[PDB]
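Each remark here refers to the structure printed beneath this line.
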Amino acid sequence: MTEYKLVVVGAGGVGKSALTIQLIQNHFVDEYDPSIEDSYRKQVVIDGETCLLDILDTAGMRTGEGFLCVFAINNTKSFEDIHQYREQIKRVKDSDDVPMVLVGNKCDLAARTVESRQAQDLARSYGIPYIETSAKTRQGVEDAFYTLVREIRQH
Ligand SMILES: Nc1nc2c(ncn2[C@@H]2O[C@H](COP(=O)(O)OP(=O)(O)NP(=O)(O)O)[C@@H](O)[C@H]2O)c(=O)[nH]1
Ligand SMILES: [Mg+2]
């Protein structure tokens with residue numbers, strides 16, 4: 001069993017917890033008590049390898065091996081805020097080459113205010129993948145977490 005330490009960061013209310021809980025429980029919740037657990041384990045076979053993911057669901061890092069940087073596609077400020085999370089991750093790691101995936105969440109909602117192209121442009125400037133997700137429908141959720149594992153592996 002190979003361990004991967006993943007850290008989920010991003011602005012308040014973007015769905016960091018919902019995403020994590022979807023991965024762990026295959027369930028979507030409309031609300032998450034302020035006091036929910038922030039550390040999770042998940043045993044999963046990824047590309048034939050048995051992994052034990054260690055997931056820290058932060059509030060809206062030296063230890064983390066890879067970062068899921070999350071915004072919501074109906075929250076322009078949360079997207080703008082990504083720059084701060086990226087700057088913070090680069091400082092902690094003293095590197096601009098850190099395993100990271102940019103995640104645009106809440107993709108099930110109508111009338112998005114952040115376009116796919118905008119986020120793709122941001123991810124490209126950082127040299128990282130962009131993946132859209134919905135914690136509600138589960139769209140992209142496995143893709144996001146498991147790509148972050150695949151990114152750590154190229155590292
Ligand atoms: N429609 C929809 N709602 C979502 C999605 N993800 C999260 N939500 C909702 O958005 C709200 C915030 O979700 P939550 O997971 O608590 O966000 P958070 O990023 O963990 N917040 P915090 O930083 O304060 O811990 C909740 O009402 C939750 O149900 C999604 O993909 N789609
Ligand atoms: Mg949360």
Side-chain angles (χ1 to χ4, degrees), residues 3-44 46 51-93 98-126 128-152:
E3 304 182 73
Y4 294 93
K5 192 161 274 150
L6 318 183
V7 182
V8 187
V9 304
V14 299
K16 300 184 289 305
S17 293
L19 282 171
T20 302
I21 290 167
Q22 184 58 249
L23 191 77
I24 299 300
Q25 291 170 219
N26 191 24
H27 187 245
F28 174 66
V29 204
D30 282 326
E31 71 155 295
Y32 300 89
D33 185 50
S35 329
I36 286 197
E37 176 63 72
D38 66 5
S39 181
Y40 298 89
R41 303 310 222 113
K42 172 88 181 175
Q43 179 181 330
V44 53
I46 303 171
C51 304
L52 189 65
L53 314 181
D54 188 2
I55 304 165
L56 180 65
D57 169 35
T58 73
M61 265 199 55
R62 303 174 57 79
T63 342
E65 293 175 306
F67 299 85
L68 218 59
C69 296
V70 186
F71 69 96
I73 68 168
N74 69 329
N75 182 339
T76 298
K77 188 169 190 305
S78 66
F79 179 70
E80 302 169 342
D81 280 350
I82 295 290
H83 181 74
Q84 289 95 311
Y85 293 99
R86 163 84 180 163
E87 283 302 310
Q88 151 195 322
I89 292 164
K90 288 194 300 179
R91 178 195 174 124
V92 170
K93 297 302 184 183
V98 181
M100 184 177 307
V101 174
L102 183 66
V103 173
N105 191 44
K106 309 200 186 183
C107 77
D108 57 282
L109 294 183
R112 64 195 295 154
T113 48
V114 185
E115 288 298 299
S116 182
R117 145 281 315 192
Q118 284 175 283
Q120 293 172 35
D121 283 356
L122 189 62
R124 175 171 49 250
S125 71
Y126 299 165
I128 70 178
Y130 173 58
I131 300 173
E132 288 202 355
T133 62
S134 171
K136 181 167 179 173
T137 67
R138 202 190 169 80
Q139 174 151 220
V141 174
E142 292 183 8
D143 206 343
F145 283 96
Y146 304 160
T147 295
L148 180 55
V149 173
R150 290 178 185 124
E151 290 295 302
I152 292 160

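Atoms within a ligand are numbered from 1 in the order they appear, just like the ligands themselves. Along the sequence shown, residues carry numbers from 1.
Contact record, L23 with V141: N-CG1, 4.1 Å, taken as the closest heavy-atom pair. In plain terms, the two heavy atoms of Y130 and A123 that are nearest each other are CB-CB, 3.8 Å. Residue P99 comes nearest to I152 through the heavy atom pair CB-CG1, 3.5 Å, listed as atom of the first residue, atom of the second, then distance.
Here CD1 of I131 is found 11.5 Å from CD of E142. Values are rounded to the nearest 0.5 Å. Atom CZ of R138 and atom CG of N26 lie 4.5 Å apart (nearest 0.5 Å).
For atom 21 (N) of ligand 1, the candidate residues are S78, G13, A110; the nearest heavy-atom contact is made by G13.
Protein N/O/S atoms found under 2.8 Å from the Mg ion (ligand 2): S17 OG.
Atoms of ligand 1 lying under 4.0 Å from any heavy atom of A135, numbered from 1 in the order shown and given with element: 6 (N), 30 (C), 31 (O). Listed by atom number, the atoms of ligand 1 under 4.0 Å from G12 heavy atoms are 23 (O). Near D108, meaning under 4.0 Å from one of its heavy atoms, ligand 1 places the atoms 1 (N), 2 (C), 30 (C), 31 (O), 32 (N). Every atom of ligand 1 with a heavy atom of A18 under 4.0 Å away is listed here by number and element: 6 (N), 7 (C), 15 (O). Taking a cut-off of under 4.0 Å to the non-hydrogen atoms of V29, the atoms of ligand 1 that pass are 28 (C), 29 (O). Near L109, meaning under 4.0 Å from one of its heavy atoms, ligand 1 places the atoms 1 (N).
Residue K16 has at least one N or O atom closer than 3.5 Å to an N or O atom of ligand 1. Close N/O approach between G60 and ligand 1 is found [any backbone or side-chain N/O within under 3.5 Å]. Polar contact check, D30 against ligand 1: a nitrogen or oxygen pair lies under 3.5 Å apart. Checking only distances, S17 does come within under 3.5 Å of ligand 1, N or O to N or O. Ligand 1 has a nitrogen or oxygen under 3.5 angstrom from a nitrogen or oxygen of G15. Ligand 1 has an N or O atom lying under 3.5 Å from an N or O atom of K106, backbone or side chain. Considering both main-chain and side-chain atoms, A59 never comes within under 3.5 Å of ligand 1 through any nitrogen or oxygen pair.
Put simply, the side chain of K90 never gets that close to the backbone of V98: no donor and acceptor are under 3.5 Å apart. A donor-acceptor pair under 3.5 Å is formed between the side chain of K16 and the backbone N or O of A11.
A 4.5 Å side-chain heavy-atom check between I46 and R150 finds at least one atom pair inside the cut-off.
With no hydrogens or angles considered, no side-chain donor-acceptor pair links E80 and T76 at under 3.5 Å.
Counting heavy-atom neighbours within 6.0 Å of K136 NZ, excluding the residue itself, gives a total of 12 or less. Atom CZ of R91 has 12 or fewer neighbouring heavy atoms from other residues, nucleotides or ligands inside a 6.0 Å radius. Residue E31 qualifies as open at atom CD: its count of foreign heavy atoms under 6.0 Å is 12 or below.
Contacts with ligand 1 closer than 4.0 Å are made by no heavy atom of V70, backbone or side chain.
Residue pairs satisfying the side-chain hydrogen bond (donor to acceptor under 3.5 Å, both in side chains) criterion with at least one member in residues 54-75, sequence neighbours excluded, are listed as follows: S17-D57.
When hydrogens are left out, the protein atom nearest atom 16 (O) of ligand 1 is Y32 CD1, 3.4 Å; that is the closest non-hydrogen contact.
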